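See structure below.
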Amino acid sequence: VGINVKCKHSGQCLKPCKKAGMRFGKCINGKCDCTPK
């Protein structure tokens with residue numbers, strides 16, 4: 001999916017991910033990638 005966020009913590013990506021409307025937000029190469037349903 002990919003969101004306009006930076007992976008500071010594997011779990012922090014959840015916070016902007018709920019704004020994305022996705023399920024969870026995992027840490028990707030420096031960035032935050034969300035998991036859809």
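All residue names refer to the structure tokens as shown: chains lettered A, B, ... in order, residues numbered from 1 in each chain, ligands numbered from 1 in order.
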Worksheet item: If you run DSSP on the backbone, which residues of chain A are alpha helix (DSSP H), as number ranges by chain?
Response: A: 14-20
Would you mind exporting the chosen residues as an mmCIF file, in the first residue's frame, restricted to N, CA and C atoms?
```cif
data_model
loop_
_atom_site.group_PDB
_atom_site.id
_atom_site.type_symbol
_atom_site.label_atom_id
_atom_site.label_comp_id
_atom_site.auth_asym_id
_atom_site.auth_seq_id
_atom_site.Cartn_x
_atom_site.Cartn_y
_atom_site.Cartn_z
ATOM 1 N N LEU A 14 0.862 2.486 12.492
ATOM 2 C CA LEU A 14 -0.559 2.242 12.722
ATOM 3 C C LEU A 14 -1.322 3.557 12.873
ATOM 4 N N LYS A 15 -0.687 4.525 13.523
ATOM 5 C CA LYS A 15 -1.324 5.802 13.837
ATOM 6 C C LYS A 15 -1.781 6.542 12.572
ATOM 7 N N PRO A 16 -0.906 6.739 11.564
ATOM 8 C CA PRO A 16 -1.319 7.353 10.301
ATOM 9 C C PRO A 16 -2.050 6.372 9.383
ATOM 10 N N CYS A 17 -1.948 5.086 9.693
ATOM 11 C CA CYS A 17 -2.549 4.050 8.863
ATOM 12 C C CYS A 17 -4.059 3.996 9.062
ATOM 13 N N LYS A 18 -4.512 4.283 10.277
ATOM 14 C CA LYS A 18 -5.939 4.354 10.550
ATOM 15 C C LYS A 18 -6.555 5.533 9.803
ATOM 16 N N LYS A 19 -5.713 6.489 9.427
ATOM 17 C CA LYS A 19 -6.161 7.646 8.666
ATOM 18 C C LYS A 19 -6.189 7.284 7.192
ATOM 19 N N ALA A 20 -5.455 6.232 6.869
ATOM 20 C CA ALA A 20 -5.416 5.698 5.519
ATOM 21 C C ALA A 20 -6.616 4.794 5.283
#
```
Practice prompt. Write out as a VMD selection string which residues come within 7 Å of residue 35 (chain A) when counting only C-alpha atoms, dropping same-chain ones fewer than 2 positions away.
Written response: chain A and resid 1 22 to 25 33 37
Could the residues in this selection be saved with N, CA, C and O atoms as a PDB file, in the first residue's frame?
```pdb
ATOM      1  N   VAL A   1       0.844  -1.220   0.000  1.00  0.00           N
ATOM      2  CA  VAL A   1       0.000   0.000   0.000  1.00  0.00           C
ATOM      3  C   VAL A   1       0.866   1.252   0.000  1.00  0.00           C
ATOM      4  O   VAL A   1       0.825   2.041  -0.943  1.00  0.00           O
ATOM      5  N   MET A  22      -6.598   1.599   6.406  1.00  0.00           N
ATOM      6  CA  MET A  22      -6.071   0.257   6.222  1.00  0.00           C
ATOM      7  C   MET A  22      -6.067  -0.515   7.533  1.00  0.00           C
ATOM      8  O   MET A  22      -6.428   0.029   8.578  1.00  0.00           O
ATOM      9  N   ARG A  23      -5.660  -1.773   7.477  1.00  0.00           N
ATOM     10  CA  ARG A  23      -5.738  -2.648   8.637  1.00  0.00           C
ATOM     11  C   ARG A  23      -4.598  -2.361   9.618  1.00  0.00           C
ATOM     12  O   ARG A  23      -4.822  -1.807  10.696  1.00  0.00           O
ATOM     13  N   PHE A  24      -3.378  -2.735   9.251  1.00  0.00           N
ATOM     14  CA  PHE A  24      -2.211  -2.427  10.070  1.00  0.00           C
ATOM     15  C   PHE A  24      -1.181  -1.675   9.245  1.00  0.00           C
ATOM     16  O   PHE A  24      -1.323  -1.540   8.032  1.00  0.00           O
ATOM     17  N   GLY A  25      -0.137  -1.224   9.912  1.00  0.00           N
ATOM     18  CA  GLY A  25       0.926  -0.490   9.263  1.00  0.00           C
ATOM     19  C   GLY A  25       2.285  -1.011   9.679  1.00  0.00           C
ATOM     20  O   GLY A  25       2.750  -0.734  10.787  1.00  0.00           O
ATOM     21  N   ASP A  33       4.488   1.002   5.407  1.00  0.00           N
ATOM     22  CA  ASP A  33       3.600   0.326   4.463  1.00  0.00           C
ATOM     23  C   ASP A  33       2.448  -0.346   5.193  1.00  0.00           C
ATOM     24  O   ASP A  33       2.653  -1.105   6.132  1.00  0.00           O
ATOM     25  N   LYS A  37      -7.191  -5.076   3.833  1.00  0.00           N
ATOM     26  CA  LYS A  37      -7.995  -6.233   4.178  1.00  0.00           C
ATOM     27  C   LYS A  37      -8.125  -7.146   2.965  1.00  0.00           C
ATOM     28  O   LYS A  37      -7.566  -8.258   2.996  1.00  0.00           O
TER      29      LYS A  37
END
```
Give me the residues near residue 4 (chain A) as a compact mmCIF listing (two decimals) with C-alpha atoms, in the first residue's frame, where near means some atom within 8 Å (using only C-alpha atoms) and where sequence neighbours in that chain fewer than 2 positions away do not count.
```txt
# COMPACT_ATOMS: atom_id res chain seq x y z
CA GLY A 2 2.51 2.58 1.16
CA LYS A 6 8.54 7.23 7.85
CA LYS A 31 8.85 4.04 5.22
CA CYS A 32 5.48 2.90 6.51
```
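Those residues in chain A carrying a DSSP assignment of strand (DSSP E or B), computed from the backbone, are residues 3, 4, 5, 6, 24, 25, 26, 27, 31, 32, 33, 34 and 35 of chain A.
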Output file for the selection above: C-alpha atoms, as a PDB file, in the first residue's frame:
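Output contents, as saved in out02.pdb:
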```pdb
ATOM      1  CA  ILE A   3       1.675   5.708   3.110  1.00  0.00           C
ATOM      2  CA  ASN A   4       3.465   9.054   3.303  1.00  0.00           C
ATOM      3  CA  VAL A   5       5.116   8.205   6.607  1.00  0.00           C
ATOM      4  CA  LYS A   6       8.540   7.228   7.852  1.00  0.00           C
ATOM      5  CA  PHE A  24      -2.211  -2.427  10.070  1.00  0.00           C
ATOM      6  CA  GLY A  25       0.926  -0.490   9.263  1.00  0.00           C
ATOM      7  CA  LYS A  26       4.191  -2.392   9.084  1.00  0.00           C
ATOM      8  CA  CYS A  27       7.687  -0.995   8.749  1.00  0.00           C
ATOM      9  CA  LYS A  31       8.847   4.043   5.223  1.00  0.00           C
ATOM     10  CA  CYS A  32       5.479   2.903   6.512  1.00  0.00           C
ATOM     11  CA  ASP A  33       3.600   0.326   4.463  1.00  0.00           C
ATOM     12  CA  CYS A  34       0.055  -0.604   5.399  1.00  0.00           C
ATOM     13  CA  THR A  35      -1.679  -3.927   5.052  1.00  0.00           C
TER      14      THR A  35
END
```
